[PDB]
Amino acid sequence: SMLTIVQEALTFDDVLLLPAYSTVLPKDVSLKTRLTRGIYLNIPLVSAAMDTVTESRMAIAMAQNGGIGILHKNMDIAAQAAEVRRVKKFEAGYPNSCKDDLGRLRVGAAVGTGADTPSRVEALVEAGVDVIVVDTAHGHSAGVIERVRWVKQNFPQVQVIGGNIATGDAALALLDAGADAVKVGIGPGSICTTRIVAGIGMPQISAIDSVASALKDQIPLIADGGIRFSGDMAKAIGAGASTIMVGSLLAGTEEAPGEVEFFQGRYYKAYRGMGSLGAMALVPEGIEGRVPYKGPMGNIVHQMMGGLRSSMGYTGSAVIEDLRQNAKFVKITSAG
Amino acid sequence: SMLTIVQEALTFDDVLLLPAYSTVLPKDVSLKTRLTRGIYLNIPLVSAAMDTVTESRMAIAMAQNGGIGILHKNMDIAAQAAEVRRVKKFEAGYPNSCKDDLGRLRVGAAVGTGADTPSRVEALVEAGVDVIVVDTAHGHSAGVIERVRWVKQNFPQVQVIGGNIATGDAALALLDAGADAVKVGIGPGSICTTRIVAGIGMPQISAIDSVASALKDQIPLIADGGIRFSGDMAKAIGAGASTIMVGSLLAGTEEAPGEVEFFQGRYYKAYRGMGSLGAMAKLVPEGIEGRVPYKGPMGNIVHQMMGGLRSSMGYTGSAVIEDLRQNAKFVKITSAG
Amino acid sequence: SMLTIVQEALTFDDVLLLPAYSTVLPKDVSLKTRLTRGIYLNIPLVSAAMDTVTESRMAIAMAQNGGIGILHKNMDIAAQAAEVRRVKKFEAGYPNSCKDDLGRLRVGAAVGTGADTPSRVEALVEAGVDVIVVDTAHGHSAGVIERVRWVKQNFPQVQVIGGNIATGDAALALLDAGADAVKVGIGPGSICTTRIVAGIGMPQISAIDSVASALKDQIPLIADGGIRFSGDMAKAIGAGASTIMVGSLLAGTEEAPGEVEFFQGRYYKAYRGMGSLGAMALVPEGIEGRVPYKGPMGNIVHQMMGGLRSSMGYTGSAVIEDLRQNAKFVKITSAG
Amino acid sequence: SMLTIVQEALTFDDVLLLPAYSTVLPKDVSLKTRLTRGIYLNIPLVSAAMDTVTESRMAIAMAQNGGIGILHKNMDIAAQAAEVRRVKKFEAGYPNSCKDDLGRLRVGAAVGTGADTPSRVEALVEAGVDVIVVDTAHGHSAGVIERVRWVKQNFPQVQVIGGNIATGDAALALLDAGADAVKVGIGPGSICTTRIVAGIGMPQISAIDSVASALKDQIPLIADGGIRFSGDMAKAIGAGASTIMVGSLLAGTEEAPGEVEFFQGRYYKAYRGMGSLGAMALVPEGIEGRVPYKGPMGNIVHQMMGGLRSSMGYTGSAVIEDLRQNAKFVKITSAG
Amino acid sequence: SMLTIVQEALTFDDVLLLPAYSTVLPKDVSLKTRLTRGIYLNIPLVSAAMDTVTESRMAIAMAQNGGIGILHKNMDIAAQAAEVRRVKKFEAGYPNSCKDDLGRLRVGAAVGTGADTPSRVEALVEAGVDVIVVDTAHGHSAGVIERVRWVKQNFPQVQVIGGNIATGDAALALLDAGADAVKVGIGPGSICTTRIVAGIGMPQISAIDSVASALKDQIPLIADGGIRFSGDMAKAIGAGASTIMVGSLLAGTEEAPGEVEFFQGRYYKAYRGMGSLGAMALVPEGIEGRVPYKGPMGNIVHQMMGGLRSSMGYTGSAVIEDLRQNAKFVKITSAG
Ligand SMILES: C[C@@H](Oc1ccc2ncc3c(c2c1)CCOC3)c1cncc(-c2nc(Cl)c[nH]2)c1
Ligand SMILES: C[C@@H](Oc1ccc2ncc3c(c2c1)CCOC3)c1cncc(-c2nc(Cl)c[nH]2)c1
Ligand SMILES: C[C@@H](Oc1ccc2ncc3c(c2c1)CCOC3)c1cncc(-c2nc(Cl)c[nH]2)c1
Ligand SMILES: C[C@@H](Oc1ccc2ncc3c(c2c1)CCOC3)c1cncc(-c2nc(Cl)c[nH]2)c1
Ligand SMILES: C[C@@H](Oc1ccc2ncc3c(c2c1)CCOC3)c1cncc(-c2nc(Cl)c[nH]2)c1
Ligand SMILES: O=c1[nH]cnc2c1ncn2[C@@H]1O[C@H](COP(=O)(O)O)[C@@H](O)[C@H]1O
Ligand SMILES: O=c1[nH]cnc2c1ncn2[C@@H]1O[C@H](COP(=O)(O)O)[C@@H](O)[C@H]1O
Ligand SMILES: O=c1[nH]cnc2c1ncn2[C@@H]1O[C@H](COP(=O)(O)O)[C@@H](O)[C@H]1O
Ligand SMILES: O=c1[nH]cnc2c1ncn2[C@@H]1O[C@H](COP(=O)(O)O)[C@@H](O)[C@H]1O
Ligand SMILES: O=c1[nH]cnc2c1ncn2[C@@H]1O[C@H](COP(=O)(O)O)[C@@H](O)[C@H]1O
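Residue numbers (the numbering used here), protein chains in the order written: chain W, 1 to 336; chain X, 337 to 673; chain G, 674 to 1009; chain D, 1010 to 1345; chain F, 1346 to 1681.
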């Protein structure tokens, strides 16, 4: 047989974490973790670089709650550089705030690889951005690898993240490029149609496992796409993630961009893939639609972290590294 | 690959018991078994320690029918001790009744690990409870292990169960602590959202097998949560269970707590996990609250449950519960079947 | 680990027959096969011993079309013996008719193991029944094995079948009892709830395989329960079956027992398990209900046999026995 | 124990392609490939030989877009031969046209094995057809193997395809018969009840692999049936196909045969299997019914080829053969 | 009692036309009628002065088919004057065309009562408009009366219409002002919410009779709004109308303004009242919505006039004026 089947790949619904001996209470566990090898967060949450999820308003909310938001790149360099500054300059009237050495809220910005990326990077770095995200659909490519190298070579004073990838090989490639972190996710996202359009994908749990196993903790990985519930977060971290990037979960919140729309007595906001027709206005690889209005994103964050605190209670994980190194899984069937 | 997959875990719908050579008729099989290493029931059914399932009215029905109820702890100590006493001195105007040495209907009572636990245990024992159920979400913990050891040390004249657990390891920890049985079930219950909130769980068939395998019959286990049909009970016992705890199947019956509410024709009672907002009214909820259809007297339900179980031991050639535990053969089925 | 899992058992929907090199067209295959080591049929179809499926009227249709029917036992001894004579003496004004040496339509009759069985067997044999079916829920029992032995010792001039079973061990036991065939099926039937009531069952393809492998063709097996389309018959036979018993597919035909009822514009007939509340009036192990009225069973038989001919075309099977010995399967997943 | 399970066969939904290192952009990949060992196409798309998909007008659109249509055979020899000419002589007032040495659009025609096949084949060859498709439900049969030899020996100047098949063995047989390509697909078609009627089938990824592996590139194979999305086409090619035949995706376009019917405010065309009752007027092996009207096929082709270029981008395949040789898959579960 | 109930008032569904002695066939009926006292049409159909119904393209189709369209006033003077010209300067490669003395396609245009109306009338008259429609919600107003007196006194070479109105008193006020016709209809429009918002309205049949009894044929009236079926045209004319104005029946046609949208496999266009939020950006007095795409307007126009012919055949009406003069009605209940 010539068919090369590399493994049976697993998503979130395929596995459960096993409870284990435990002395720590959910309320006492530590959620602190690494976004990059130089940036730490207080909760392992990143808002997605999407024009329906993260602009300055959301990014400020993320930082205030311990995480970080990745400003999207569907805007000209000036507007995006200005968004960075709104975050960097914001002043409150938040004990877990995520902050740089100068005590400013941390923020991040997506870039591409096209001909505007040198100017965009420069502007964002001068605006004080903490991490550049080279944010593409296929990170295991010569263009993303060399653009990651260029940012490290030419702006070594800022952290750089590359993606997206889904194999040990790609992760090893971006690591040698100089990346401070890789972002993991090809196919898992809620608004993704790559699986249908290109037949391309890697179940996220097996994806996380592949990248983490190859990286050997030299740099953190962000598990990006497909998180639907707090449980998914613990499975991801237990599979080896250091942080989790979420789009749908924060779409429709107060702080997300877009106007609340009234439709048949309910309240909605728009949520669309960056690869959707409307986003790009290359065959589309994403859908666009409405998600219910969710109110303040704070409630969502506290709920998701309560869930993860509960999980590290069952696993006996006093800090994030314990979940990463010690979780045990079982594989469940369709019935389960 | 750093991904530690311990096994493929099976729930109830993953397996079926094989029929085997048989000489015994469903009607002639014995359902007697042990709840703890010192307490025998006449049927292997235990009702759940939930404020929508077991108060004294339900515990008396359970005893009268050959099993036992575990009174829930969602009430102050005075109220729980009175519940024990109602069941313990209940007198009938029931040839299978489950009774202590003094001929009194048996009853159990749940406690937690909070600082009220010493007074609660003392009052429940003083009132004549037959078994203390140290009842938590995660029994493989120091608080529950040390609380199980403290009950055995300080009140050796009452039986103690620990849980909930789902691994051989946690069963050995509780066995070492003095437990007279363990309660198995992390995630399987009908009102359990723990799978979604924490990503935590162990399919119940594999859970039972893992616990039973480690214990080697030193103490029994109670299979708790996820029972939907009489067939589930046969599988549980075949996988190594000694008894079966149920909440959903007895919720909504006449004897379960709560009022019958009318609503668009049908009649209902409430049913909710002890991890629901409503029950706990801080940990985020780990269960749901809702209505279940009113079912009428619990006895009819128990009789159908045990009739189905009698059907199964007929098919398996099991004349007593222990035959089913030791001799059951399984097959794994797919999603199609 | 103490859990004894004997195998992953397969049902019809888990497997597909593989086409193979072929020289005989579907129109040219032979459907002839053996009910018992004594009785041959011209098609491998047996109608179910159910009070909504098989009384004399349907038993005659089965025989005329080359098969045979098993009259149910939910009637007194005199009524069942009269049903037998009705078939045995029927006269038409059917080239594939299934017939004994004297040219009479063949027929069969179900009995149990209760106190009445000696009388019942005796009346049936004197009425000319071709085969006795010791018809129980659990053939791997002392009662059924001994009753089968007693029918064979005391009425060696009629053929006897025992069931139902689902393992090699049980098939061996009935073989040594003197059974001239065994009937395979614990769980598969359309109206069965035993899997829900007792947690008991053998996926039918694996059941057939386990019985057929144990027997090594010493006696035929009847694959009883779970047949939904003609394709299932091809898999049962390829798995090892010599005949196929069906209830659901023939219920609601004109010849089946019962009246047609009018309901909301459709036309229905009753279909209920022999272990349902109504049929028995032991906790019930089957359901009661309606099935659409289907008209003359003759069209159903012809469509079923068409599909089996088509299947024997694809497999290069000129005779039933070629499908029995030569079928190759693939296992398939949920998606397919 | 006696059950022969050849393997767990996989369909499209069971597998995903893995992204790999990539230096080539979707817009720059080559879609060129072989239809037969002698005819090359510019895109790997073939329209199905069905009386609801391919007549001259659709066959011209296929060629015009770089592919080829196989005119169906549910018409007399005279009408079919004129359909060939209408394609061969069509002149436009299309830089990827697929053409023969004389610059004429290429076309194919389906024939059967029945008694008219000699007359039909001669008229088609005489009309200038580029490829004869011996088009049956069961290509692993003496009838089709002999008829494919008869076309090669008697009309060496035309290419011959034989099908349908699902195994290496059948592929090797047609190869020996002289086929210039094999058509793979037993049971995968959208309108196919063969799985239900005859219990016969091979999941298409495993079908392709089995055939591809046995042929060792001595002749291409055409993956025929079950294609629902462009993602499917990438999986088929990665599994080893050289082209893709589609019926459902092109049914309902303006160029497919048939009138547009208005029904309840929607616009439909008819789509039906060639084994359906309405087509044949043997038990039916397919259904008839409506498919939404889709407008001009060109948009569908473009959409489909764009998805495949995206896939070859993700996999680092610069030309079709790169995908065929270097594709890696993961198997995924029902949850996935 | 003090409540003043002028009458029980009838809409179209409250009445039926009685058949009468007839010596004429639908095919031989004449549909010619007057739009004003000076302009005649060949069919009694006027398209609605709405930004979702009538612009130049539709006004041309209206004229080509023997009717007239009124260009809406949701555009600056320059744009409306251009629209007129485009109609007045049209030529085709339509023997019932509606044409002025110069063989020009007739056309009409709507104006208001406020500031720009002097400049607007002038631009429109000088571009060759055949009729000016002083087009307001409430025509029984000093504003409308004097503006219609102004257009007559200052542009006696153009025909003028005033409306909308629903009573004889209102029609006499506009007759005395100089009107060449009046448009009748307060509340009957399909997108009208005036009945709900203001409580204001007049059932269209009774409005037509009230106005026609006052005018005594001195000028014709246009029955505007409420028309759903061709049968409503006959009743309107029978109750006294000389022409019918329609919005919704013509919206969604190819020739109407706006682009066709796709929404769940169906095709639509926009249709909205001129008193809806969108048209206006006063509390809105009309709704906004989609109507199904209807294809060419010619099919609708012809089917409509087909029905009207059928009616005049039933009624013995060889010309429009017989229907108007001789029609008898019965009142029917909710039952009928
Ligand atoms: C159409 C648009 O689609 C997106 C956009 C953003 C994405 N962001 C993240 C992910 C995916 C995305 C897909 C899909 C894979 O999973 C993660 C797109 C944009 N630019 C490049 C590609 C592409 N290049 C190769 Cl090569 C193949 N196609 C796709
Ligand atoms: C919110 C509430 O939820 C329940 C309540 C009762 C339960 N009873 C039985 C079971 C479960 C239960 C969950 C879930 C596991 O399966 C069995 C809860 C109450 N106190 C502790 C926990 C907890 N501690 C760790 Cl550590 C992690 N979370 C959860
Ligand atoms: C209630 C009634 O149920 C039926 C009836 C007919 C059946 N006929 C065929 C099959 C089954 C049937 C079950 C179930 C298994 O599949 C085949 C019944 C009747 N008498 C005996 C039993 C029985 N004895 C053991 Cl021991 C366990 N229960 C069950
Ligand atoms: C009824 C009709 O059904 C079709 C027609 C066209 C098909 N075209 C392609 C495919 C299939 C088709 C089935 C089914 C297998 O998948 C591919 C048919 C036509 N002639 C032969 C057969 C046949 N011969 C053997 Cl032997 C078994 N049955 C079936
Ligand atoms: C909001 C807008 O609404 C319309 C627009 C166009 C209409 N065209 C025709 C008809 C109606 C219309 C209503 C309603 C009456 O029936 C026919 C409007 C615009 N300017 C004036 C009025 C008005 N003035 C008085 Cl006084 C009372 N409200 C209403
Ligand atoms: O159009 C798109 N197609 C596919 N993936 C996308 C697209 N846009 C964004 N993504 C990914 O989807 C993620 C959000 O996934 P979600 O949290 O499951 O909704 C983002 O972080 C991106 O990695
Ligand atoms: O809120 C909750 N979350 C999870 N499990 C719960 C909760 N409350 C009770 N349980 C468990 O669920 C069991 C009842 O399961 P059931 O019989 O499937 O309804 C109880 O015996 C407990 O072990
Ligand atoms: O009540 C019942 N329970 C289980 N099996 C039954 C019952 N009644 C009949 N059967 C079996 O079910 C078969 C019919 O299955 P079906 O053809 O799938 O409808 C019969 O031949 C019996 O073997
Ligand atoms: O009636 C039929 N039964 C089974 N297969 C058929 C039938 N008619 C056509 N086919 C096959 O189905 C294919 C179309 O599959 P689709 O692209 O999934 O719609 C054709 O190319 C044929 O190979
Ligand atoms: O917003 C509005 N409110 C009320 N009536 C309107 C509105 N827009 C247009 N109309 C009237 O409704 C007529 C069209 O009615 P229809 O033919 O029933 O759709 C137009 O000729 C106007 O007289």
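Note that CB positions come from ideal geometry on N, CA and C, so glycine has one too.
Alpha carbon to alpha carbon, what distance is there between residue j and residue i?
{"i": "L1114 (chain D)", "j": "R1333 (chain D)", "result": "27 angstroms"}
{"i": "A198 (chain W)", "j": "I1170 (chain D)", "result": "28 angstroms"}
{"i": "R147 (chain W)", "j": "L1034 (chain D)", "result": "16 angstroms"}
{"i": "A1680 (chain F)", "j": "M280 (chain W)", "result": "57 angstroms"}
{"i": "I5 (chain W)", "j": "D1037 (chain D)", "result": "27 angstroms"}
Under a Cβ-count criterion, where at least 16 other Cβ atoms within 10 Å of its own Cβ denotes burial, should residue i be classed as buried or exposed?
{"i": "residue 337 (chain W)", "result": "For chain W, the structure presents residues 1 to 336; residue 337 (chain W) sits outside this window and is missing."}
{"i": "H1311 (chain D)", "result": "exposed"}
{"i": "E126 (chain W)", "result": "exposed"}
For residue i, does the three-state DSSP call read helix, strand or coil?
{"i": "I544 (chain X)", "result": "helix"}
{"i": "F348 (chain X)", "result": "helix"}
{"i": "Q1168 (chain D)", "result": "strand"}
{"i": "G1177 (chain D)", "result": "helix"}
{"i": "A1072 (chain D)", "result": "helix"}
{"i": "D659 (chain X)", "result": "helix"}
{"i": "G574 (chain X)", "result": "helix"}
{"i": "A1680 (chain F)", "result": "coil"}
Going by the beta-carbon positions, is the gap between residue i and residue j smaller than 8 angstroms?
{"i": "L848 (chain G)", "j": "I910 (chain G)", "result": "no"}
{"i": "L1386 (chain F)", "j": "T1378 (chain F)", "result": "yes"}
{"i": "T1678 (chain F)", "j": "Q1549 (chain F)", "result": "no"}
{"i": "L1291 (chain D)", "j": "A1223 (chain D)", "result": "no"}
{"i": "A48 (chain W)", "j": "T54 (chain W)", "result": "yes"}
{"i": "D1189 (chain D)", "j": "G1282 (chain D)", "result": "no"}
Can you name the residues that DSSP bridges to residue i?
{"i": "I1209 (chain D)", "result": "G:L690"}
{"i": "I805 (chain G)", "result": "G:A782, G:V833"}
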